[PDB]
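Trainee:
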Ligand SMILES: NS(=O)(=O)c1nc2ccccc2[nH]1
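Numbering (the entry's author numbering), first residue to last: 3 to 169.
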């Protein structure tokens, strides 16, 4: 038993809620929140911009030190950094950005990072401003992630479509 409230159960291990991931993290303070990162950990917009703004830019300061030391992530890759005021840890995951020509086949690799953590609060990877079909992203999530994932979907209209079309 955990702190997540009001999620709809999709599968044995996947749960979903219409919620702003920024607000959900501040309330729950989960062990792991997933960020929809890019390879530079430049948290300008989307989920990453919103999470970073909620940390008062501390997430960006930590991220720039990480890149200065380690270089960019891979598309499909991840790193674990502080969760600041939002979570114990932030798992920064790079889904493919369709708008940049990145291979959508890398979405499954991206979601495999989630399997290194027992429970996560997460957005749909490659959704929103990363340009992928969210219905596809939820299908890959369900077919790839075996640990317990609590999905926050910001858009109420998209949430309803995701639930109503879910096989
Ligand atoms: N209401 S917000 O914190 O400014 C915000 N922006 C967001 C973009 C993508 C996903 C969740 C978001 N939340």
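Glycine included, every Cβ here is placed at the ideal spot set by N, Cα and C.
(1) Excluding sequence positions up to five away, which residues of its chain have a Cβ less than 6 Å from the Cβ of residue 157?
(2) Residue 41 by DSSP, collapsed to three states: which one?
(3) Per the DSSP calculation, residue 94 is bridged to which residue(s)?
(4) When DSSP builds the beta bridges, which residues end up paired with residue 17?
(5) Using DSSP with H/G/I as helix, E/B as strand and the rest coil, what is residue 170?
(6) Contact check, residue 80 vs residue 94 under 8 Å by CB: the rounded distance?
(7) Tell me the rounded alpha-carbon separation between residue 12 and residue 86.
Mentor: According to the structure data:
(1) none
(2) coil
(3) 37 and 81
(4) 11 and 152
(5) No statement about residue 170 is possible, as the shown extent of the chain runs from 3 to 169 and does not include it.
(6) 6 Å
(7) 29 Å
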